[PDB]
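File shown: run_37.pdb. Contents: PDB, N, CA and C atoms.
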```
ATOM      1  N   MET A   1       4.227 -13.292  25.677
ATOM      2  CA  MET A   1       3.758 -12.663  24.453
ATOM      3  C   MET A   1       3.954 -11.148  24.504
ATOM      4  N   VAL A   2       4.371 -10.598  23.373
ATOM      5  CA  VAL A   2       4.600  -9.167  23.275
ATOM      6  C   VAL A   2       3.389  -8.505  22.614
ATOM      7  N   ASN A   3       2.843  -7.516  23.307
ATOM      8  CA  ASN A   3       1.686  -6.796  22.801
ATOM      9  C   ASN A   3       2.097  -5.366  22.446
ATOM     10  N   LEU A   4       2.593  -4.660  23.451
ATOM     11  CA  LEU A   4       3.025  -3.286  23.259
ATOM     12  C   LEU A   4       3.972  -2.890  24.394
ATOM     13  N   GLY A   5       5.242  -2.751  24.039
ATOM     14  CA  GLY A   5       6.253  -2.378  25.013
ATOM     15  C   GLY A   5       7.606  -2.141  24.336
ATOM     16  N   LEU A   6       8.435  -3.174  24.366
ATOM     17  CA  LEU A   6       9.754  -3.093  23.762
ATOM     18  C   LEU A   6       9.609  -2.989  22.242
ATOM     19  N   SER A   7       8.421  -3.336  21.768
ATOM     20  CA  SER A   7       8.140  -3.287  20.344
ATOM     21  C   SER A   7       8.192  -1.840  19.850
ATOM     22  N   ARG A   8       7.468  -0.982  20.553
ATOM     23  CA  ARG A   8       7.425   0.427  20.198
ATOM     24  C   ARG A   8       8.772   1.091  20.491
ATOM     25  N   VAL A   9       9.440   0.575  21.511
ATOM     26  CA  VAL A   9      10.734   1.106  21.904
ATOM     27  C   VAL A   9      11.758   0.805  20.807
ATOM     28  N   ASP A  10      11.730  -0.434  20.340
ATOM     29  CA  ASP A  10      12.646  -0.861  19.296
ATOM     30  C   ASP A  10      12.333  -0.100  18.007
ATOM     31  N   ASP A  11      11.043   0.079  17.760
ATOM     32  CA  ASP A  11      10.599   0.784  16.571
ATOM     33  C   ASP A  11      11.074   2.237  16.639
ATOM     34  N   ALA A  12      10.882   2.836  17.805
ATOM     35  CA  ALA A  12      11.285   4.216  18.014
ATOM     36  C   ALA A  12      12.786   4.350  17.754
ATOM     37  N   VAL A  13      13.530   3.371  18.250
ATOM     38  CA  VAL A  13      14.972   3.368  18.079
ATOM     39  C   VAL A  13      15.305   3.275  16.588
ATOM     40  N   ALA A  14      14.570   2.412  15.904
ATOM     41  CA  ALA A  14      14.776   2.219  14.478
ATOM     42  C   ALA A  14      14.571   3.551  13.753
ATOM     43  N   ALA A  15      13.553   4.277  14.191
ATOM     44  CA  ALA A  15      13.240   5.564  13.596
ATOM     45  C   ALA A  15      14.383   6.541  13.875
ATOM     46  N   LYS A  16      15.145   6.230  14.912
ATOM     47  CA  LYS A  16      16.268   7.067  15.296
ATOM     48  C   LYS A  16      17.516   6.624  14.527
ATOM     49  N   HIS A  17      17.591   5.323  14.286
ATOM     50  CA  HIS A  17      18.721   4.760  13.565
ATOM     51  C   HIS A  17      18.240   4.172  12.237
ATOM     52  N   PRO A  18      18.254   5.037  11.187
ATOM     53  CA  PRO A  18      17.825   4.615   9.865
ATOM     54  C   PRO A  18      18.884   3.736   9.198
ATOM     55  N   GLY A  19      18.565   2.455   9.097
ATOM     56  CA  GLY A  19      19.475   1.502   8.485
ATOM     57  C   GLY A  19      18.750   0.205   8.122
ATOM     58  N   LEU A  20      18.283  -0.484   9.152
ATOM     59  CA  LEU A  20      17.572  -1.735   8.956
ATOM     60  C   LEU A  20      16.097  -1.441   8.678
ATOM     61  N   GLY A  21      15.492  -0.700   9.596
ATOM     62  CA  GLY A  21      14.089  -0.341   9.462
ATOM     63  C   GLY A  21      13.832   0.385   8.140
ATOM     64  N   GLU A  22      14.775   1.242   7.780
ATOM     65  CA  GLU A  22      14.663   2.003   6.546
ATOM     66  C   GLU A  22      14.678   1.062   5.340
ATOM     67  N   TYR A  23      15.622   0.133   5.365
ATOM     68  CA  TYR A  23      15.753  -0.830   4.284
ATOM     69  C   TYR A  23      14.507  -1.712   4.181
ATOM     70  N   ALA A  24      14.001  -2.103   5.341
ATOM     71  CA  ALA A  24      12.818  -2.945   5.395
ATOM     72  C   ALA A  24      11.644  -2.211   4.745
ATOM     73  N   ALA A  25      11.425  -0.987   5.206
ATOM     74  CA  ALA A  25      10.342  -0.173   4.680
ATOM     75  C   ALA A  25      10.585   0.092   3.193
ATOM     76  N   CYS A  26      11.851   0.289   2.858
ATOM     77  CA  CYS A  26      12.229   0.552   1.481
ATOM     78  C   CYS A  26      11.919  -0.695   0.651
ATOM     79  N   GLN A  27      11.982  -1.840   1.315
ATOM     80  CA  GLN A  27      11.712  -3.105   0.655
ATOM     81  C   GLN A  27      10.217  -3.238   0.353
ATOM     82  N   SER A  28       9.420  -3.098   1.402
ATOM     83  CA  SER A  28       7.977  -3.199   1.264
ATOM     84  C   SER A  28       7.454  -2.059   0.388
ATOM     85  N   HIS A  29       8.205  -0.967   0.382
ATOM     86  CA  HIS A  29       7.831   0.195  -0.406
ATOM     87  C   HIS A  29       8.028  -0.108  -1.892
ATOM     88  N   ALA A  30       9.201  -0.637  -2.206
ATOM     89  CA  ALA A  30       9.526  -0.975  -3.581
ATOM     90  C   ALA A  30       8.501  -1.981  -4.110
ATOM     91  N   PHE A  31       8.320  -3.049  -3.349
ATOM     92  CA  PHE A  31       7.377  -4.088  -3.728
ATOM     93  C   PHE A  31       5.970  -3.512  -3.904
ATOM     94  N   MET A  32       5.576  -2.691  -2.942
ATOM     95  CA  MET A  32       4.263  -2.070  -2.978
ATOM     96  C   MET A  32       4.139  -1.119  -4.170
ATOM     97  N   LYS A  33       5.269  -0.529  -4.535
ATOM     98  CA  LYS A  33       5.301   0.400  -5.651
ATOM     99  C   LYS A  33       5.010  -0.357  -6.949
ATOM    100  N   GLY A  34       5.717  -1.464  -7.122
ATOM    101  CA  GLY A  34       5.545  -2.284  -8.309
ATOM    102  C   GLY A  34       4.119  -2.832  -8.394
ATOM    103  N   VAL A  35       3.609  -3.248  -7.245
ATOM    104  CA  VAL A  35       2.264  -3.793  -7.176
ATOM    105  C   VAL A  35       1.256  -2.700  -7.538
ATOM    106  N   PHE A  36       1.560  -1.488  -7.096
ATOM    107  CA  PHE A  36       0.694  -0.354  -7.366
ATOM    108  C   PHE A  36       0.667  -0.027  -8.860
ATOM    109  N   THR A  37       1.839  -0.114  -9.473
ATOM    110  CA  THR A  37       1.964   0.168 -10.893
ATOM    111  C   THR A  37       1.259  -0.914 -11.715
ATOM    112  N   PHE A  38       1.337  -2.138 -11.215
ATOM    113  CA  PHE A  38       0.715  -3.263 -11.890
ATOM    114  C   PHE A  38      -0.809  -3.198 -11.774
ATOM    115  N   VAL A  39      -1.272  -3.091 -10.536
ATOM    116  CA  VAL A  39      -2.699  -3.019 -10.275
ATOM    117  C   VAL A  39      -3.300  -1.856 -11.066
ATOM    118  N   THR A  40      -2.576  -0.746 -11.065
ATOM    119  CA  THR A  40      -3.024   0.440 -11.776
ATOM    120  C   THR A  40      -2.664   0.341 -13.259
ATOM    121  N   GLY A  41      -2.165  -0.825 -13.637
ATOM    122  CA  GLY A  41      -1.777  -1.063 -15.018
ATOM    123  C   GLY A  41      -3.003  -1.340 -15.891
ATOM    124  N   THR A  42      -4.168  -1.255 -15.265
ATOM    125  CA  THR A  42      -5.415  -1.494 -15.970
ATOM    126  C   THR A  42      -6.399  -0.349 -15.716
ATOM    127  N   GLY A  43      -5.877   0.866 -15.799
ATOM    128  CA  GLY A  43      -6.693   2.047 -15.581
ATOM    129  C   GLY A  43      -7.649   2.277 -16.754
ATOM    130  N   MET A  44      -7.283   1.710 -17.895
ATOM    131  CA  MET A  44      -8.095   1.845 -19.092
ATOM    132  C   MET A  44      -9.583   1.720 -18.761
ATOM    133  N   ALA A  45      -9.905   0.675 -18.013
ATOM    134  CA  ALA A  45     -11.283   0.431 -17.623
ATOM    135  C   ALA A  45     -11.860   1.697 -16.986
ATOM    136  N   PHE A  46     -11.123   2.223 -16.019
ATOM    137  CA  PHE A  46     -11.548   3.427 -15.325
ATOM    138  C   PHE A  46     -11.634   4.614 -16.286
ATOM    139  N   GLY A  47     -10.806   4.557 -17.320
ATOM    140  CA  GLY A  47     -10.778   5.615 -18.315
ATOM    141  C   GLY A  47     -12.091   5.665 -19.100
ATOM    142  N   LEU A  48     -12.530   4.493 -19.531
ATOM    143  CA  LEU A  48     -13.765   4.389 -20.290
ATOM    144  C   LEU A  48     -14.942   4.786 -19.398
ATOM    145  N   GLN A  49     -14.967   4.199 -18.210
ATOM    146  CA  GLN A  49     -16.027   4.481 -17.258
ATOM    147  C   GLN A  49     -16.065   5.975 -16.931
ATOM    148  N   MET A  50     -14.879   6.563 -16.866
ATOM    149  CA  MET A  50     -14.762   7.980 -16.565
ATOM    150  C   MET A  50     -15.342   8.831 -17.696
ATOM    151  N   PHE A  51     -14.955   8.480 -18.915
ATOM    152  CA  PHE A  51     -15.426   9.200 -20.085
ATOM    153  C   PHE A  51     -16.954   9.177 -20.165
ATOM    154  N   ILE A  52     -17.512   8.006 -19.896
ATOM    155  CA  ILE A  52     -18.954   7.837 -19.932
ATOM    156  C   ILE A  52     -19.574   8.504 -18.703
ATOM    157  N   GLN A  53     -18.810   8.500 -17.620
ATOM    158  CA  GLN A  53     -19.270   9.099 -16.378
ATOM    159  C   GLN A  53     -19.235  10.625 -16.480
ATOM    160  N   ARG A  54     -18.429  11.105 -17.415
ATOM    161  CA  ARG A  54     -18.296  12.538 -17.626
ATOM    162  C   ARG A  54     -19.541  13.089 -18.323
ATOM    163  N   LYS A  55     -20.453  12.183 -18.641
ATOM    164  CA  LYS A  55     -21.687  12.564 -19.307
ATOM    165  C   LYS A  55     -22.694  13.054 -18.265
ATOM    166  N   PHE A  56     -22.226  13.137 -17.028
ATOM    167  CA  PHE A  56     -23.072  13.586 -15.936
ATOM    168  C   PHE A  56     -22.848  15.072 -15.646
ATOM    169  N   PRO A  57     -23.958  15.754 -15.252
ATOM    170  CA  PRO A  57     -23.894  17.172 -14.944
ATOM    171  C   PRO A  57     -23.224  17.409 -13.588
ATOM    172  N   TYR A  58     -22.827  16.311 -12.961
ATOM    173  CA  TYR A  58     -22.176  16.385 -11.664
ATOM    174  C   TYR A  58     -20.658  16.490 -11.818
ATOM    175  N   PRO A  59     -20.007  17.016 -10.746
ATOM    176  CA  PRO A  59     -18.563  17.176 -10.751
ATOM    177  C   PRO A  59     -17.861  15.829 -10.562
ATOM    178  N   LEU A  60     -18.189  15.176  -9.457
ATOM    179  CA  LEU A  60     -17.601  13.885  -9.148
ATOM    180  C   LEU A  60     -18.349  12.791  -9.912
ATOM    181  N   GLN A  61     -17.585  11.826 -10.400
ATOM    182  CA  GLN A  61     -18.161  10.722 -11.150
ATOM    183  C   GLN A  61     -18.561   9.589 -10.202
ATOM    184  N   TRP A  62     -19.654   8.926 -10.551
ATOM    185  CA  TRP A  62     -20.151   7.825  -9.744
ATOM    186  C   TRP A  62     -19.003   6.837  -9.534
ATOM    187  N   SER A  63     -18.161   6.732 -10.552
ATOM    188  CA  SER A  63     -17.023   5.831 -10.491
ATOM    189  C   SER A  63     -15.969   6.382  -9.530
ATOM    190  N   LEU A  64     -15.809   7.697  -9.568
ATOM    191  CA  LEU A  64     -14.842   8.358  -8.708
ATOM    192  C   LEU A  64     -15.372   8.380  -7.274
ATOM    193  N   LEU A  65     -16.683   8.532  -7.164
ATOM    194  CA  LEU A  65     -17.325   8.571  -5.860
ATOM    195  C   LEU A  65     -17.250   7.184  -5.218
ATOM    196  N   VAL A  66     -17.526   6.175  -6.031
ATOM    197  CA  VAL A  66     -17.494   4.802  -5.556
ATOM    198  C   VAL A  66     -16.041   4.379  -5.331
ATOM    199  N   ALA A  67     -15.165   4.917  -6.167
ATOM    200  CA  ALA A  67     -13.749   4.605  -6.071
ATOM    201  C   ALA A  67     -13.159   5.310  -4.848
ATOM    202  N   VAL A  68     -13.751   6.447  -4.517
ATOM    203  CA  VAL A  68     -13.295   7.224  -3.377
ATOM    204  C   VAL A  68     -13.806   6.578  -2.087
ATOM    205  N   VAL A  69     -15.111   6.353  -2.053
ATOM    206  CA  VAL A  69     -15.735   5.745  -0.891
ATOM    207  C   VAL A  69     -15.185   4.328  -0.705
ATOM    208  N   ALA A  70     -15.214   3.570  -1.791
ATOM    209  CA  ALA A  70     -14.724   2.203  -1.763
ATOM    210  C   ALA A  70     -13.207   2.213  -1.564
ATOM    211  N   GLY A  71     -12.577   3.242  -2.113
ATOM    212  CA  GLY A  71     -11.136   3.381  -2.005
ATOM    213  C   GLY A  71     -10.721   3.687  -0.565
ATOM    214  N   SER A  72     -11.566   4.450   0.111
ATOM    215  CA  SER A  72     -11.301   4.822   1.491
ATOM    216  C   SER A  72     -11.479   3.607   2.403
ATOM    217  N   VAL A  73     -12.641   2.981   2.283
ATOM    218  CA  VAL A  73     -12.948   1.812   3.088
ATOM    219  C   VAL A  73     -11.932   0.709   2.783
ATOM    220  N   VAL A  74     -11.782   0.424   1.499
ATOM    221  CA  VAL A  74     -10.852  -0.603   1.063
ATOM    222  C   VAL A  74      -9.437  -0.223   1.505
ATOM    223  N   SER A  75      -9.178   1.076   1.501
ATOM    224  CA  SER A  75      -7.876   1.581   1.898
ATOM    225  C   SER A  75      -7.600   1.227   3.362
ATOM    226  N   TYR A  76      -8.629   1.394   4.181
ATOM    227  CA  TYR A  76      -8.513   1.098   5.598
ATOM    228  C   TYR A  76      -8.269  -0.395   5.828
ATOM    229  N   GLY A  77      -9.122  -1.203   5.214
ATOM    230  CA  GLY A  77      -9.011  -2.646   5.342
ATOM    231  C   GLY A  77      -7.647  -3.137   4.850
ATOM    232  N   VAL A  78      -7.284  -2.681   3.660
ATOM    233  CA  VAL A  78      -6.014  -3.065   3.069
ATOM    234  C   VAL A  78      -4.871  -2.559   3.951
ATOM    235  N   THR A  79      -5.124  -1.435   4.606
ATOM    236  CA  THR A  79      -4.130  -0.838   5.481
ATOM    237  C   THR A  79      -3.990  -1.658   6.766
ATOM    238  N   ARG A  80      -5.092  -2.280   7.156
ATOM    239  CA  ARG A  80      -5.106  -3.094   8.359
ATOM    240  C   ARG A  80      -4.341  -4.398   8.125
ATOM    241  N   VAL A  81      -4.601  -5.003   6.975
ATOM    242  CA  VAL A  81      -3.946  -6.250   6.620
ATOM    243  C   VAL A  81      -2.503  -5.962   6.199
ATOM    244  N   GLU A  82      -2.328  -4.822   5.547
ATOM    245  CA  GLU A  82      -1.010  -4.419   5.085
ATOM    246  C   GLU A  82      -0.151  -3.961   6.267
ATOM    247  N   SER A  83      -0.823  -3.405   7.264
ATOM    248  CA  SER A  83      -0.138  -2.923   8.451
ATOM    249  C   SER A  83       0.265  -4.102   9.338
ATOM    250  N   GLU A  84      -0.654  -5.048   9.464
ATOM    251  CA  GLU A  84      -0.408  -6.226  10.277
ATOM    252  C   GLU A  84       0.705  -7.075   9.659
ATOM    253  N   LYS A  85       0.640  -7.212   8.343
ATOM    254  CA  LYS A  85       1.631  -7.992   7.621
ATOM    255  C   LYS A  85       2.942  -7.205   7.555
ATOM    256  N   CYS A  86       2.814  -5.931   7.214
ATOM    257  CA  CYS A  86       3.974  -5.063   7.112
ATOM    258  C   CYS A  86       4.663  -5.019   8.478
ATOM    259  N   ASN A  87       3.851  -5.136   9.518
ATOM    260  CA  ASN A  87       4.367  -5.111  10.877
ATOM    261  C   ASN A  87       5.140  -6.403  11.148
ATOM    262  N   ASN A  88       4.497  -7.517  10.833
ATOM    263  CA  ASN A  88       5.110  -8.819  11.037
ATOM    264  C   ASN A  88       6.391  -8.910  10.206
ATOM    265  N   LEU A  89       6.356  -8.264   9.050
ATOM    266  CA  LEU A  89       7.502  -8.265   8.157
ATOM    267  C   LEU A  89       8.592  -7.355   8.732
ATOM    268  N   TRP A  90       8.146  -6.293   9.385
ATOM    269  CA  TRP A  90       9.067  -5.342   9.984
ATOM    270  C   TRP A  90       9.833  -6.062  11.095
ATOM    271  N   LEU A  91       9.103  -6.874  11.845
ATOM    272  CA  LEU A  91       9.699  -7.623  12.937
ATOM    273  C   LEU A  91      10.645  -8.683  12.367
ATOM    274  N   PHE A  92      10.168  -9.359  11.331
ATOM    275  CA  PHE A  92      10.957 -10.396  10.688
ATOM    276  C   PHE A  92      12.272  -9.829  10.148
ATOM    277  N   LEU A  93      12.162  -8.680   9.499
ATOM    278  CA  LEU A  93      13.330  -8.025   8.932
ATOM    279  C   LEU A  93      14.221  -7.515  10.065
ATOM    280  N   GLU A  94      13.577  -7.123  11.154
ATOM    281  CA  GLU A  94      14.297  -6.615  12.309
ATOM    282  C   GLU A  94      15.053  -7.748  13.004
ATOM    283  N   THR A  95      14.631  -8.968  12.706
ATOM    284  CA  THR A  95      15.257 -10.141  13.293
ATOM    285  C   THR A  95      16.279 -10.739  12.325
ATOM    286  N   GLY A  96      16.126 -10.384  11.058
ATOM    287  CA  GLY A  96      17.026 -10.877  10.028
ATOM    288  C   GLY A  96      16.484 -12.161   9.397
ATOM    289  N   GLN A  97      15.180 -12.346   9.535
ATOM    290  CA  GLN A  97      14.528 -13.523   8.984
ATOM    291  C   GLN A  97      14.931 -13.718   7.522
ATOM    292  N   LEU A  98      14.453 -14.814   6.951
ATOM    293  CA  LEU A  98      14.755 -15.127   5.564
ATOM    294  C   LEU A  98      14.253 -13.993   4.668
ATOM    295  N   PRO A  99      14.974 -13.795   3.532
ATOM    296  CA  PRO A  99      14.612 -12.752   2.588
ATOM    297  C   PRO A  99      13.378 -13.152   1.776
ATOM    298  N   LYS A 100      13.090 -12.349   0.762
ATOM    299  CA  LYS A 100      11.946 -12.607  -0.095
ATOM    300  C   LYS A 100      12.064 -11.760  -1.365
ATOM    301  N   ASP A 101      13.082 -12.073  -2.153
ATOM    302  CA  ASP A 101      13.317 -11.352  -3.392
ATOM    303  C   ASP A 101      12.004 -11.239  -4.168
ATOM    304  N   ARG A 102      12.015 -10.365  -5.164
ATOM    305  CA  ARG A 102      10.837 -10.152  -5.987
ATOM    306  C   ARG A 102      11.196  -9.330  -7.225
ATOM    307  N   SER A 103      10.422  -9.540  -8.281
ATOM    308  CA  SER A 103      10.647  -8.829  -9.527
ATOM    309  C   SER A 103       9.754  -7.587  -9.590
ATOM    310  N   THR A 104      10.174  -6.636 -10.409
ATOM    311  CA  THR A 104       9.426  -5.401 -10.568
ATOM    312  C   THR A 104       9.702  -4.782 -11.941
ATOM    313  N   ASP A 105      10.971  -4.481 -12.175
ATOM    314  CA  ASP A 105      11.380  -3.888 -13.436
ATOM    315  C   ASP A 105      11.076  -2.389 -13.412
ATOM    316  N   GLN A 106       9.789  -2.079 -13.353
ATOM    317  CA  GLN A 106       9.353  -0.694 -13.324
ATOM    318  C   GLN A 106       9.608  -0.029 -14.679
ATOM    319  N   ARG A 107       8.759   0.937 -14.997
ATOM    320  CA  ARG A 107       8.881   1.658 -16.252
ATOM    321  C   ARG A 107       8.140   2.993 -16.173
ATOM    322  N   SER A 108       8.734   4.002 -16.794
ATOM    323  CA  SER A 108       8.144   5.329 -16.801
ATOM    324  C   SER A 108       8.561   6.080 -18.067
TER     325      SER A 108
END
```
So, in terms of structure tokens, how does the structure I just supplied come out?
Amino acid sequence: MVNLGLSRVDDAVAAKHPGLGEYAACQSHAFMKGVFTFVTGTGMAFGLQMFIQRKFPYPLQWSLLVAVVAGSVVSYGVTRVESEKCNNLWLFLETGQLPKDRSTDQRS
């Protein structure tokens, strides 16, 4: 079982040779980008909450505070699962495993 050794070495090499690792990251990046745009495709809710939250004499909004605190914690957790998966995917892509096309479209 590989825990930490040739893994970091191979990764380091990848960082030295931008081609596969770059494409892989570019892949998870693109997908993550679309997911980010989609998830954030419902900011309206936050907009209303923000407007009503702006009725406070405070600078930061309870929604922003909760979104920040929850965003930080959730960010870590999501980063842990995203890192573990992104890692497994990095290895898979580094091996040439099966692909995983996906739609996005994107709009700005």
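The closest residue to residue 10 (chain A), picked from A:98, A:91, A:32, A:44 and counting only C-alpha atoms, is A:91.
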Between CA of residue 21 (chain A) and CA of residue 93 (chain A), distance in Å (one decimal) =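 These two atoms are separated by 7.7 Å.
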The distance between CA of residue 107 (chain A) and CA of residue 23 (chain A) is 21.8 Å
Exercise for the section: Just list the residues in chain A DSSP gives helix (DSSP H, G or I) on the backbone, as a ChimeraX atom specification. Expected result: /A:6-16,20-42,44-53,62-95
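With distances taken over only C-alpha atoms, A:89 is the one residue among A:89, A:1, A:68, A:50 lying closest to residue 24 (chain A).
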Residue with the minimum atom-to-atom distance to residue 87 (chain A), picked from A:33, A:46, A:25, A:60 with only C-alpha atoms counted, is A:25
Hey, what comes out of the PyMOL selection byres (((chain A and resi 31 and name CA) around 12) and name CA) on this file? Could you write it as an MDAnalysis selection string? chainID A and resid 24:30 32:38 86 100:106
Could you save those same residues with N, CA and C atoms as a short mmCIF file (atom, residue, chain, number, x, y, z; two decimals), keeping the file's coordinate frame?
```cif
data_model
loop_
_atom_site.label_atom_id
_atom_site.label_comp_id
_atom_site.auth_asym_id
_atom_site.auth_seq_id
_atom_site.Cartn_x
_atom_site.Cartn_y
_atom_site.Cartn_z
N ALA A 24 14.00 -2.10 5.34
CA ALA A 24 12.82 -2.94 5.40
C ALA A 24 11.64 -2.21 4.74
N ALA A 25 11.42 -0.99 5.21
CA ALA A 25 10.34 -0.17 4.68
C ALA A 25 10.58 0.09 3.19
N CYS A 26 11.85 0.29 2.86
CA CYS A 26 12.23 0.55 1.48
C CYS A 26 11.92 -0.70 0.65
N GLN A 27 11.98 -1.84 1.32
CA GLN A 27 11.71 -3.10 0.66
C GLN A 27 10.22 -3.24 0.35
N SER A 28 9.42 -3.10 1.40
CA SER A 28 7.98 -3.20 1.26
C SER A 28 7.45 -2.06 0.39
N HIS A 29 8.20 -0.97 0.38
CA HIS A 29 7.83 0.20 -0.41
C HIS A 29 8.03 -0.11 -1.89
N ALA A 30 9.20 -0.64 -2.21
CA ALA A 30 9.53 -0.98 -3.58
C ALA A 30 8.50 -1.98 -4.11
N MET A 32 5.58 -2.69 -2.94
CA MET A 32 4.26 -2.07 -2.98
C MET A 32 4.14 -1.12 -4.17
N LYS A 33 5.27 -0.53 -4.54
CA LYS A 33 5.30 0.40 -5.65
C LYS A 33 5.01 -0.36 -6.95
N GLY A 34 5.72 -1.46 -7.12
CA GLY A 34 5.54 -2.28 -8.31
C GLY A 34 4.12 -2.83 -8.39
N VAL A 35 3.61 -3.25 -7.24
CA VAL A 35 2.26 -3.79 -7.18
C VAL A 35 1.26 -2.70 -7.54
N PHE A 36 1.56 -1.49 -7.10
CA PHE A 36 0.69 -0.35 -7.37
C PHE A 36 0.67 -0.03 -8.86
N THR A 37 1.84 -0.11 -9.47
CA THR A 37 1.96 0.17 -10.89
C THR A 37 1.26 -0.91 -11.72
N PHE A 38 1.34 -2.14 -11.22
CA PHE A 38 0.72 -3.26 -11.89
C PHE A 38 -0.81 -3.20 -11.77
N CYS A 86 2.81 -5.93 7.21
CA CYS A 86 3.97 -5.06 7.11
C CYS A 86 4.66 -5.02 8.48
N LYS A 100 13.09 -12.35 0.76
CA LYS A 100 11.95 -12.61 -0.10
C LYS A 100 12.06 -11.76 -1.36
N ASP A 101 13.08 -12.07 -2.15
CA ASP A 101 13.32 -11.35 -3.39
C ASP A 101 12.00 -11.24 -4.17
N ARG A 102 12.02 -10.36 -5.16
CA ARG A 102 10.84 -10.15 -5.99
C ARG A 102 11.20 -9.33 -7.22
N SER A 103 10.42 -9.54 -8.28
CA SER A 103 10.65 -8.83 -9.53
C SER A 103 9.75 -7.59 -9.59
N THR A 104 10.17 -6.64 -10.41
CA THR A 104 9.43 -5.40 -10.57
C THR A 104 9.70 -4.78 -11.94
N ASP A 105 10.97 -4.48 -12.18
CA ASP A 105 11.38 -3.89 -13.44
C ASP A 105 11.08 -2.39 -13.41
N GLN A 106 9.79 -2.08 -13.35
CA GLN A 106 9.35 -0.69 -13.32
C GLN A 106 9.61 -0.03 -14.68
#
```
Atom N of residue 40 (chain A) and CA of residue 71 (chain A) are how many Å apart?
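Answer for the atom N of residue 40 (chain A) to CA of residue 71 (chain A) separation: 13.1 Å.
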Quick one: 6 Å padding each side, axis-aligned, all listed atoms of region 19-29 of chain A - centre and edge lengths in Å to one decimal, as AutoDock Vina command-line options?
```
--center_x 13.5 --center_y -0.4 --center_z 3.9 --size_x 24.0 --size_y 17.7 --size_z 23.5
```
